Structures are given as C-alpha cells and as structure tokens.
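A.B. asks: Sharing a structure below in structure tokens format, with a few things to ask.
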Amino acid sequence: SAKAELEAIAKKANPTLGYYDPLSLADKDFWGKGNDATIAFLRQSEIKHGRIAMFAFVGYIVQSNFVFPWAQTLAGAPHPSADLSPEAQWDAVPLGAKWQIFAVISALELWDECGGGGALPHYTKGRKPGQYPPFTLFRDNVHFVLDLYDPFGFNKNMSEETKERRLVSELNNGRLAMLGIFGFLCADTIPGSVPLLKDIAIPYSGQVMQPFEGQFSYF
Amino acid sequence: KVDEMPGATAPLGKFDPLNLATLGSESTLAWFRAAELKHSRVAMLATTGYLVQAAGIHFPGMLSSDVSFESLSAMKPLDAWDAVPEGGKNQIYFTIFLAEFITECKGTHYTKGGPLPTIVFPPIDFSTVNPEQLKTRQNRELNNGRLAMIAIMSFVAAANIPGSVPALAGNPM
Amino acid sequence: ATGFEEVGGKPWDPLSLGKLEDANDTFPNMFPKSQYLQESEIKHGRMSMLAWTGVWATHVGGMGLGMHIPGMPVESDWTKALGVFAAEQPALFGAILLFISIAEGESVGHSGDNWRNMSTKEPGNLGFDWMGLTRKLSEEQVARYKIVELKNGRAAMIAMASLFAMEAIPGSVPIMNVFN
Amino acid sequence: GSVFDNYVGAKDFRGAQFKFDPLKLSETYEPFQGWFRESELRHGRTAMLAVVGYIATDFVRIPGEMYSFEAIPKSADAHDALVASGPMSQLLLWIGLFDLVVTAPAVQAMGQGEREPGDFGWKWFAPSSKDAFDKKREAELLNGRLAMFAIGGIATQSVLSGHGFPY
Ligand code: CLA
Ligand code: CLA
Ligand SMILES: CCCCCCCCCCCCCCCCCC(=O)OC[C@H](CO[C@@H]1O[C@H](CO)[C@H](O)[C@H](O)[C@H]1O)OC(=O)CCCCCCCCCCCCCCCCC
Ligand SMILES: CCCCCCCCCCCCCCCC(=O)OC[C@H](COP(=O)(O)OC[C@@H](O)CO)OC(=O)CCCCCCCCCCCCCCC
Ligand SMILES: CC(=O)O[C@H]1CC(C)(C)C(=C=C/C(C)=C/C=C/C(C)=C/C=C/C=C(C)/C=C/C=C(\C)C(=O)C[C@@]23O[C@]2(C)C[C@@H](O)CC3(C)C)[C@](C)(O)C1
Ligand SMILES: CC(=O)O[C@H]1CC(C)(C)C(=C=C/C(C)=C/C=C/C(C)=C/C=C/C=C(C)/C=C/C=C(\C)C(=O)C[C@@]23O[C@]2(C)C[C@@H](O)CC3(C)C)[C@](C)(O)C1
Ligand SMILES: CC(=O)O[C@H]1CC(C)(C)C(=C=C/C(C)=C/C=C/C(C)=C/C=C/C=C(C)/C=C/C=C(\C)C(=O)C[C@@]23O[C@]2(C)C[C@@H](O)CC3(C)C)[C@](C)(O)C1
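Residue numbers (PDB author numbering), protein chains in the order written: chain N, 33 to 251; chain O, 32 to 204; chain F, 36 to 215; chain J, 33 to 199.
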C-alpha cells in the first residue's frame, strides 16, 4: 500500500523523473513503527520543511528590501537596519524577542500532534492514516479568530479533481524555495555564488544554525 | 537449514566450507546464530569506540573525583582502561551483568526457537516492521558486524606489532 | 516454581520442626504455628538480604565496594559501625529506629494471633505493594516472585551465618580467607 | 474502589478523561481515598496562595522595620532571618492551633461519612448544583495541581539564580 501510494504521486510531480528512491528511505522503521507510519511521516517532513521554505524566501526578500519603522522595544527602539543582512538582522533582534518567536512556534508545534480525545473533540489525526494535514480547529480555548492558514475564510469551493493541483504543486513549489534557501544561504558563508550573486550580505552571517548569537552558553 | 536465514547475502550465499552448521542440532545452530549477533554488536561498538577516542571527542568535565577526562589528550584508546577507576569499571560490568539476564530469562529461550536478544531498556514495540524489510536489516546488521570483527582485530594487531598492517601503520593511535 | 527444586521436589523438614506443637498434648501453645513460622522465615530473609548488601557495599578495597554517603562516619569494618553511628548521629539513628519500631508493630496490631493460626493475613503481607504490582501481573508471576523472594532470602540467611562464623571462628569458612 | 467514578478531577489540561493512577495507590490503599483527596486539596490551596503570596512580594512589602526592604533584600531568603525575630513563630502558632483543634476533628468526621472531603464550610459563592459544582471543583483541582509545580520551580530557581520576577 504505502509503496504504491508514492508511485501514484511520483508520476505527477515529474513524469520524466518519476519514482525517486536511491537511498531507500521510505520503506522502513524510524524508532520501530512500521511502513504505514513510515511514508506518512516522510510525506510529513518533506512539506513542513517546505512550508517554512516559501515563507523563508518571501521573508528573506522583504527584509533585504524596505525595513519596518516604529518603536520595536520599549526603550531606545531603533529597528536594525534596512540594507543590512536579514541574516544578521536576525542576530540584531534583542535577546527577549527571540524567545516569544520560538515559544509561539512551540505553541503551534504542541498544537499539531496529539490525536482525538477520549471525552471531547480537540485534535485531528497524527501519522497512523493521516495526510499531511493543517491545523483546522482554532476555537479550543477562550480566543478570537486568528485561524491558522485561514484569515478571511472562503476555501469551500473546490473538489477532488481540483485539490490535487494544489497539493502536488505546493510539493514542487516547496521544493524550489527549499533549494532557494540553501542556494543562497551558502553563498554568504562561502564565495561561489552559484551562477552569479554579488551585491549581498557581504561577510558571512555567523553560524546560521544558531538560535542565539551571544548571551547564554553551555561550555 | 542455512537457506532461509538472515546473513546469507549475494557475494557468497551460504558461506560454510567446513560444514559447521551441520555439526550439531538445530539448537546448536541457534547458539552460533546469536553468538555472531552478539559478537557483531560488541565489535561494532568497539570499532566505532576506537575511531573516536582517537580524534579527541572529549566529554566535558570530570569522569571521577580526580581522574577526569585527560585520558584522551594522552594514552592510546587501547589504553585508558586502567586509567578508568575500579568503581567506574565496576558499574559497567554490572549493567552488562544485568543485561545478560533478561537476554536469558525470556519466556522461550532462543535455542528453543525463541526470540533473539532484545533491548534491555526503552524496548519500543519492535520489529512489527514489515517482515520483508526486516530481513534486509538483519543482513545489514550482521555484515557491518562481520566487517567490525575483522576491524577490531586490525586495531589490536596495529597496536602490538608495528608494520603489521600497511596503509594503517602510518597512523598515530 | 515449587520452591523444592534443590531438595527433591518434597518438603524439606528433617527434624520435623513444623510437626512439633502437634505431636503431643504436653505443652499447650508453646511452639509456633505454621503461620508464625512462615512470617519468621520471610522476615529473617528480608533482613538478611539488606544486611549482606550493607556489609558488601561498605567494604573498602579487596573485592569490596567502598561506597560511602558524604557526611557519614568513615568506619572500616561492619562490626563496630553501628555504635559509631549511634553516638555521632542521634537524630538520624533515632528516626530510623522509630520507623522500624512502628512498622514492625503495625505488622501484628491489625491482624490476630500469629502464634496460633488466627491471623487473617497472608504471611509476609505488609501493606507495601505501592508499585501496584500483583494487580497488574497474573497469578503465575505473582506466585513465582514469592518463591524468588524466599530462596534469595534463604541464600542471604546462609550468607549472614557465614559472615558471623568467619569472625567467631577464624578458619570457619575458607572461601572467604581467600576472597576478602 | 475505582476512585475515578467516586470523585472528580480525572482530566488533563483539556478536560478529556486522563485517569492518572499509574502505581495503583487508590486500589492498594482503598480506605485512604478520602484522606488522599483531602491532602491534595490541602496541598493545592497551600500552593496557590504560596505562588501568588510569593513573587508579588518583590514589589510590595507591608510597612515596618523588618518588613519594608531593610534586613531582607529578596523574597526568597525571607525564612531564617525572620524565624528568629517572631513572625514565623507567630504564624506557626496559629496554623498549628487551627490544625490541632478543627481540621483533625474534621478529618475524623470524613472517615465516619459525616463530611465531604475538603469542605471547611466556605459556601458563600457555590453554584449550588451538580454539573456546575463539579466544574468549580475541577477548576480548583486543575489550578492547584499547576501551583504545586509552580512554586517547585520558583523556589528552586531563586536560590540558584538570585534574580527578580523572571527567575
Ligand atoms: C547543521 C547542524 C547544526 C550544527 C552544527 C549546530 C551547532 C550548534 N548548535 Mg544547533 N541546531 C540545529 C542545527 C545545528 N546546530 C538545528 C536544526 C536546531 C533546531 C532549531 C538547533 C537548535 C539549537 C539550540 C536550541 C541551541 C543550539 C546550539 C548550538 C551550539 C552548541 C554548542 C555550543 O554551545 O557552542 C557555543 C555556541 C556557539 C558557537 C553558537 C553561538 C555563539 C555565540 C555568539 C557566542 C560565541 C562566543 C563564545 C566563543 C562561545 C560560547 C560562549 C558562551 C558564554 C556564549 C552549536 C554551535 C546552542 C547554542 O548555540 O547556544 C549558544 C543552543 O542553545 N542549536
Ligand atoms: C501560603 C501563603 C503565604 C505564606 C506562608 C506567606 C508568608 C509570609 N509573607 Mg506573605 N502573602 C501571601 C501569602 C503568604 N505569605 C499572599 C497571598 C499575599 C498577597 C496579599 C502576601 C503578601 C505579603 C506581603 C505584602 C508581605 C508578606 C510577608 C510575609 C512574611 C511575613 C509574614 C507576614 O507579614 O505575612 C503578611 C501576609 C499578608 C499581608 C497576606 C496573607 C493573606 C493570607 C494568605 C490569607 C489567607 C488566609 C486567611 C486567614 C483566610 C481568611 C478567609 C476568611 C473568609 C475566613 C512571610 C514569610 C511580609 C514580608 O516580610 O515579606 C517578605 C510582607 O511584607 N506577604
Ligand atoms: C532510606 C529509606 C527511607 C526513605 C523512604 C521513605 C519510607 C517509605 C515510606 C513510608 C510510608 C509510611 C507508610 C504509610 C503511612 C501513612 C498513613 C496515612 O497517610 O494514612 C493514614 C491516615 C488516614 O486515616 C484514615 O482516614 C480514612 C479516611 O479516608 C478513614 O477514616 C480511616 O479509618 C483512617 O484510618 O492518615 C493520617 O496520617 C492521619 C493521622 C496523622 C498521623 C499519621 C502518622 C504520621 C505518618 C508519617 C509517615 C508518612 C510516610 C510518608 C509517605 C511516603 C514517604 C515519602
Ligand atoms: C534494576 C536493578 C539494579 C541492580 C543493581 C546492580 C547493577 C547496578 C549498576 C550501578 C550501580 C550504581 C550504584 C551507585 C554507587 C556509586 O556510584 O558509587 C561509586 C563507587 C565508587 O567507589 P570507589 O571505591 O571507586 O570510591 C572510593 C572513592 O570514591 C573515595 O575517594 O562505585 C561502586 O561502588 C561500584 C558499584 C558496583 C556494584 C556491582 C553490583 C552487583 C552485581 C554483582 C555481580 C558480580 C559477582 C557475581 C558474578 C556471578
Ligand atoms: C533509531 C533511534 O531510536 O534513534 C533515534 C534518536 C532520535 C533522537 C529519537 C531521533 C532523532 C532525531 C534527530 C537525529 C534529529 C537530527 C536533526 C539534525 C541533524 C538537524 C540538523 C540541522 C542542520 C541545519 C538546519 C543546518 C543548517 C546550516 C546552515 C544554515 C549553515 O549555514 C551551515 C554553515 O556551514 C555554512 C553553510 C557556512 C558556514 O560559514 C557557517 C555555517 C556553519 C553556519 C531518531 C531519528 O528517531 C533516531
Ligand atoms: C590496513 C590499513 O592500514 O588500512 C585500514 C583501512 C581501514 C578502513 C581503516 C580499516 C578498516 C575497517 C573499517 C572501515 C571498519 C568499519 C567497521 C564498521 C562498519 C563499523 C560499524 C559499526 C556500526 C555502528 C557503530 C552502528 C551502531 C548503530 C546503533 C547503535 C543503532 O542505533 C542501530 C540503529 O538501527 C537502530 C536500532 C535504529 C535505526 O533507525 C538505525 C540505527 C543505526 C540508529 C582497516 C581494516 O583497519 C585497515
Ligand atoms: C537496598 C536499598 O538501598 O533500598 C532502600 C529502599 C527500600 C526498599 C525502599 C528501603 C526501605 C524502606 C522500607 C522497606 C519501608 C517499608 C515501609 C512499610 C512496610 C510501610 C507499610 C505501610 C503499610 C500500610 C500503610 C498498610 C495499609 C493497609 C491498608 C490501607 C489496607 O486497608 C489494606 C487492605 O488490605 C485489606 C485489609 C484488604 C484488601 O481487600 C483491601 C486493602 C488492600 C485496602 C531501604 C531499607 O531503605 C532500602
């Protein structure tokens, strides 16, 4: 089943490429959980990395472009620079403000994975037969409408012939901008600037995998 | 039967020239099976535990009260075994001494057809993992151990006899 | 599985010490009933499993263990280690002795006479099944771990008899002259 | 037996059924189920005050020489520099006294079935129903259980760090 379900959607992303599997990673246990939770976890991860990817690349361009002027912190408040590297605009974020960025993600990462309740309905399915799903229920606590992925609802008008043009595209759309990150974000760390890439964040950023540039260490 | 057994791969198939699988009963072959399974896992951890302990990976802090991790910026990885103190060497054996018990005290012992030695702590539910792809892994597990049983003997012979191994004698160990 | 695998599958009572109190009418209730003998054997076994491990974990050097709680008194042998601890730490020694005194008194206070078969409890059943074990296990395992506790109690009682004999008779157990 | 349909509070952060009895305590110690609830309600209330009571003390301090910021720099030390002078002996005397004359007769009346556990007679604002009173009870249980972990972190990190309100 699980091997057959990729080969149905292999031949839709690229019929010349087709079924891509030399490292044989989609048939086999992670922590010991079986084939049906194998593909759906890898069909999971390939788009979570890709959903951030489109949202990174659009997020990169506008920070190289026009910066955002107001008061950012309560005292001083200068808003780190316009032309300057969004790479190290991320490091020029204050120490406090990085935590609430990470904590609201963890509020959404706690949100994505639980499973349906034993006395009330709260959550969707996980990886047993689940898809790669959205969040779909934002009404469970005392809050107002900030439905995630749904600002101004209207997605109620497309059928199963038409939704496959939106799933499989974003697969390939998310793979482009994923390569669009590392094709650029290496080109600041190294010179080499894949075809030609020059008027840029001119030193290296400094440990792009670092959440926190300076304040606390571990030794 | 040597046919239908993980460990029989493509380049040799049934590798038994001196006919040792026939030498006893079926209970005999099951003993040699999980011997090689256990000989593998010790040698895989010792070969990999030789390569690091030689490049300077170096746990931060103190191993014991005064014999902290200077055992790596010093003596060879074949050494630093008497440098580990006795109470430190003792709990290693006894965690192993405990781990050899659940291995033996299952409901069915493996020479009576029971299961191979499983993980002592955090035993995920296990190889409910698609038995076609289970057979490919137990070939992977044993072959890496076959290579590691040779390799850990290479690492001992290089530490005793200099020049006993050509493209490996020019290595500081 | 039976508890008798080392004596031939049969109840090992040479010298008939369980049959006494019933052989004759001549001492009316002066020998213990089966229920009292069964709790004594479990209790002697449980105290011996703790005490052997205690003298084994505090022996320094040799095979030894030399493990030592920080702040307690350093004493080489186990023979004098109680009286040193009793003098130096009165509050800790008094709280352990009170805890042992209450729990051991509570063992018999709620149940009937043990010396006579009138107890209404299983022997060895102190209310310490906190882990919730035997409420999750099945009856074959629960009956099995009782025998495991018994024989390990029995191996430790013979150990404690060896540990007593080596210090009263210097050549008594020869496997420890060498072992130290 | 089966404490879960004998009481309330078998709910996680959501309100779905959780049934948190891993060690089977309420089955092995079945006559102590009322005492278990009584203690948990006691510990919870103590924690909910001692959370709030604590960390709201780095802002305000009642007037007086010892109270107002003089010999007591932080909120966390406030024990064993105040024990000697009297207010800890005074507050031990009453919490003691109260515990020695009314809540020990109260827990005597629980075991005879003459008292619901954790009652004390503070029926001023109860919704006076069955579905709504359980929801108030659950909201008390779920808050009190969080306050136990709360001051467990707040008292530990303030000896370690020594900082103000974010410890
Ligand atoms: C490509 C893979 C990769 C690599 C190589 C690293 C490497 C590292 N990660 Mg990281 N990480 C990764 C992927 C990766 N990450 C991913 C995918 C995630 C998930 C989002 C994380 C999440 C993560 C977290 C949450 C944290 C790290 C941290 C670290 C650092 C740990 C060692 C340390 O403390 O050194 C010292 C730290 C550095 C060299 C980097 C920051 C340097 C600052 C500016 C100070 C430099 C001064 C001084 C010389 C060094 C430290 C002193 C100290 C007093 C500050 C190290 C540089 C930790 C870290 O950096 O905290 C400081 C940390 O908290 N990682
Ligand atoms: C678990 C509860 C608890 C405990 C043990 C303490 C303990 C302490 N507090 Mg504290 N406090 C608490 C809760 C608590 N507080 C709460 C909830 C508040 C907010 C009002 C305060 C506000 C507070 C201040 C402003 C100060 C202290 C101070 C002190 C210290 C000296 C004693 C004193 O003057 O108390 C004073 C206590 C109060 C003014 C309020 C206590 C209110 C109690 C909890 C009411 C509940 C019981 C009540 C009798 C029930 C009546 C209900 C009715 C229907 C019958 C001492 C370490 C002083 C100090 O030295 O600081 C370090 C000080 O200046 N506390
Ligand atoms: C180095 C090793 C040492 C560290 C290891 C810790 C030691 C092991 C744990 C010891 C536990 C003692 C056995 C349990 C006794 C508790 C009795 C009880 O609570 O219910 C017994 C009573 C409950 O009373 C009952 O109430 C019922 C209503 O539900 C009915 O009315 C019953 O009739 C009535 O008996 O609770 C009381 O304590 C009330 C009297 C107060 C005085 C009791 C004596 C003091 C107890 C202190 C010891 C507590 C031990 C701590 C618990 C674990 C330790 C982390
Ligand atoms: C789940 C059940 C657990 C069972 C426990 C057994 C395994 C435990 C492993 C870890 C012990 C941790 C205790 C911490 C204690 C602690 O860390 O102290 C540290 C202590 C260090 O003592 P040293 O004398 O080195 O210290 C002196 C200095 O510290 C003073 O300067 O090490 C021990 O004593 C080693 C314990 C080995 C004990 C062997 C156990 C029993 C098996 C015996 C079987 C062999 C003979 C029979 C063969 C047939
Ligand atoms: C079988 C079993 O039970 O085990 C379990 C254990 C456990 C833990 C449960 C499991 C797990 C989880 C695992 C293993 C997760 C691993 C995750 C991992 C490994 C995540 C890396 C991210 C790296 C990034 C994003 C790098 C960015 C790098 C960037 C952005 C760079 O620029 C690199 C950089 O170099 C440049 C290009 C230029 C230089 O100038 C500077 C620097 C250095 C910045 C598994 C899988 O289940 C297995
Ligand atoms: C003569 C001279 O001069 O040249 C030298 C050349 C050279 C090359 C140096 C020599 C050599 C020998 C070599 C290269 C020897 C290498 C030997 C080898 C191959 C050693 C592998 C060990 C495997 C390990 C540690 C894996 C553990 C894996 C563990 C602990 C797991 O977690 C299992 C795992 O499955 C789970 C349960 C979950 C799964 O999700 C996946 C993972 C992995 C997580 C010689 C012969 O000496 C001579
Ligand atoms: C080697 C090492 O280092 O380990 C350490 C840790 C270790 C092992 C923990 C150590 C210890 C301390 C120990 C052993 C302490 C022991 C304490 C002990 C033994 C405490 C009993 C309380 C009994 C109660 C409250 C009974 C209530 C009984 C109740 C509530 C009942 O009504 C029972 C009832 O049954 C009826 C009548 C009928 C049933 O139908 C219904 C139920 C079940 C409800 C050491 C010595 O320090 C060593």
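The beta-carbon is built from N, C-alpha and C at its ideal position, and this holds for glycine as well.
Quick check on the burial criterion: 16 or more other C-beta atoms within 10 angstroms. Buried or exposed for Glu-135(O)?
C.D. replies: exposed
A.B. asks: With which residues is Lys-188(N) paired in a DSSP beta bridge?
C.D. replies: Paired residue(s): none; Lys-188(N) is not in a bridge.
A.B. asks: Curious, which full-length alpha helix (DSSP H) runs of at least 4 residues does the stretch 42 to 71 of chain J contain?
C.D. replies: 57 to 60
A.B. asks: Applying the 10 Å Cβ sphere with the 16-neighbour rule, what's the burial state of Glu-131(O)?
C.D. replies: exposed
A.B. asks: Suppose you measure from the CA of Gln-76(N) to the CA of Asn-38(J); what does that come to, to the nearest Å?
C.D. replies: 43 Å
A.B. asks: Where does the unbroken alpha helix (DSSP H) through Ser-75(F) begin, and where does it stop?
C.D. replies: 69 to 92
A.B. asks: Find out if the Cβ-Cβ distance for the pair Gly-44(F), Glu-59(J) is shorter than 8 Å.
C.D. replies: no
A.B. asks: Rounded to whole angstroms, what is the Cα-Cα separation between residue 9(N) and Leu-109(O)?
C.D. replies: The requested residue 9(N) is not part of the displayed model; chain N covers only 33 to 251.
A.B. asks: How would you write the range of the alpha helix (DSSP H) that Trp-131(N) sits in, first residue to last?
C.D. replies: Element bounds for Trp-131(N): 127 to 144.
A.B. asks: How close, in whole Å, do the beta carbons of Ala-191(F) and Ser-83(F) come, if the pair is a contact with beta carbons under 8 Å?
C.D. replies: 4 Å
A.B. asks: Would you mind working out which of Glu-141(N), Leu-127(N), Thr-168(N) sits nearest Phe-248(N), comparing C-alpha positions?
C.D. replies: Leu-127(N)
A.B. asks: Looking at C-alpha atoms only, which residue of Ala-52(O), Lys-69(O), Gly-44(O), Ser-96(O) is the closest neighbour of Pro-148(O)?
C.D. replies: It is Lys-69(O) whose Cα lies nearest to the Cα of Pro-148(O).
A.B. asks: Hey, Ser-102(O) and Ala-86(O): beta-carbon distance below 8 Å or not?
C.D. replies: no
A.B. asks: Would you kindly report the start and end of the unbroken alpha helix (DSSP H) that includes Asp-90(J)?
C.D. replies: Careful: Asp-90(J) lies outside any alpha helix (DSSP H) and carries neither H nor E.
A.B. asks: Verify the contact flag: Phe-62(N), CB atom, against every heavy atom of ligand 5, threshold strictly below 7 Å.
C.D. replies: Within the cutoff, so yes.
A.B. asks: Report yes or no: is there a C-beta of chain J within less than 8 Å of the C-beta of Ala-129(N)?
C.D. replies: Not an interface residue.
A.B. asks: Looking at the structure shown, is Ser-56(O) part of a helix, part of a strand, or coil, going by DSSP?
C.D. replies: coil
A.B. asks: What residue range does the alpha helix (DSSP H) around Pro-137(J) cover?
C.D. replies: Segment 136 to 143, the alpha helix (DSSP H) holding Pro-137(J).
A.B. asks: Taking Cβ-Cβ distances shorter than 9 Å, what residues in chain F pair up with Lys-51(J)?
C.D. replies: By Cβ distance, chain F contributes nothing, its closest Cβ being about 13 Å from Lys-51(J), past 9 Å.
A.B. asks: Roughly how many angstroms lie between the CA atoms of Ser-158(O) and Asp-68(N), to the nearest whole one?
C.D. replies: 14 Å
A.B. asks: Using only Cβ atoms and a threshold of 6 Å, which residues come within that distance of a heavy atom of ligand 3? Order them by chain position.
C.D. replies: For ligand 3, residues qualifying as neighbours are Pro-63(J), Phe-64(J), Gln-65(J), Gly-66(J), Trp-67(J), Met-142(J), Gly-143(J), where qualification means a beta carbon closer than 6 Å to at least one of its heavy atoms (chain order).
A.B. asks: Given this structure, state the Cα-to-Cα distance separating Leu-169(N) from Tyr-86(J), to the nearest angstrom.
C.D. replies: 37 Å
A.B. asks: Is the separation between the beta-carbon of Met-142(J) and that of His-75(J) shorter than 8 Å?
C.D. replies: no
A.B. asks: Using only the alpha-carbon positions, how far apart do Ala-124(N) and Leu-106(N) sit?
C.D. replies: 16 Å
A.B. asks: Exposed or buried, what is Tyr-180(F) when buried is set at 16 or more other beta-carbons lying within 10 Å of its beta-carbon?
C.D. replies: exposed
A.B. asks: Could you give the distance in angstroms between the alpha-carbon of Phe-167(N) and the alpha-carbon of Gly-148(N)?
C.D. replies: 13 Å
A.B. asks: Using the C-alpha atoms, what's the distance from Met-201(F) back to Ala-138(F)?
C.D. replies: Cα to Cα, the separation comes out at about 32 Å.
A.B. asks: Please list, in chain order, all residues of the same chain as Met-93(O) whose beta carbon is under 8 Å from its beta carbon, the five residues on each side excluded.
C.D. replies: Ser-99, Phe-100
A.B. asks: Anything with a beta carbon under 5 Å from a heavy atom of ligand 6 counts; list them all in chain order.
C.D. replies: Output, sorted by chain position: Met-75(O), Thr-78(O), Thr-79(O), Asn-175(O), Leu-178(O), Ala-179(O), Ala-182(O), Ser-185(O), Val-196(O), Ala-198(O), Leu-199(O).
A.B. asks: In whole angstroms, give me the CA-to-CA distance for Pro-137(J) and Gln-65(J).
C.D. replies: 18 Å
A.B. asks: Quick one: give me the first and last residue of the alpha helix (DSSP H) that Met-184(O) is part of.
C.D. replies: 162 to 191
A.B. asks: Please list, in chain order, all residues of the same chain as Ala-39(O) whose beta carbon is under 6 Å from its beta carbon, the five residues on each side excluded.
C.D. replies: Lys-45
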